[PDB]
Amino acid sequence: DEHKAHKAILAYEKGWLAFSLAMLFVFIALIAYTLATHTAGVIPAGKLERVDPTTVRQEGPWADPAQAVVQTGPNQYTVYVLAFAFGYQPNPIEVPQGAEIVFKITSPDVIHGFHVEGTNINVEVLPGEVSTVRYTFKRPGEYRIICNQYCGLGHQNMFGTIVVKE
């Protein structure tokens, strides 16, 4: 009885472990795929870029919000975003649709989310690092920026805005 059940349970567990493992592999293959598309742009560049959080509001690309949007290609724009307590400059960020947007976001105080609602933009912002991400907005309109990394008592009311023009 028991020696038959321990045999059968185990013979079937073995199939299950094979199967689950393959599903896991398929997932891995599917994740690989995303890595090869443009949708992979939202993965932060691997890339250390230090900056001084004490001077970033006072010298450099972050120090004149109104010129933070800079054509860097024929169809690419770099945007220098400051994420601070409690908010984002510029407000708003204006970019052309269909243009590839390189966001270069840092913080002058604490860590901040940059989760662009309705998109896959969702990056952490660490003081003294520049986070780099890419998106091409595909519909024009207002997108809301949320902060999803607790940063003090103003956390719940820290939003920003990206306006995509046609």
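So that there is no doubt, residue numbering starts at 1 and follows the sequence shown.
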| query | finding |
| --- | --- |
| Per the entry, higher mean C-alpha B factor between 156 to 164 and 3 to 11 | 3 to 11 |
| Mean Cα B-factor comparison, 103 to 111 or 135 to 143, giving the higher one as deposited | 135 to 143 |
| Residue with maximal Cα B-factor (values as given in the PDB entry) among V116, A63, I31, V125 | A63 |
| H38, C-alpha B-factor rank within chain (lowest, middle or highest third) | highest |
| Third of the chain, ranked by Cα B-factor, where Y150 sits | lowest |
| Chain thirds of CA B-factor: placement of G73 | highest |
| Position of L17 among the chain's modelled residues by C-alpha B-factor, lowest, middle or highest third | highest |
| Ranked against its chain, the third holding the CA B-factor of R57 | middle |
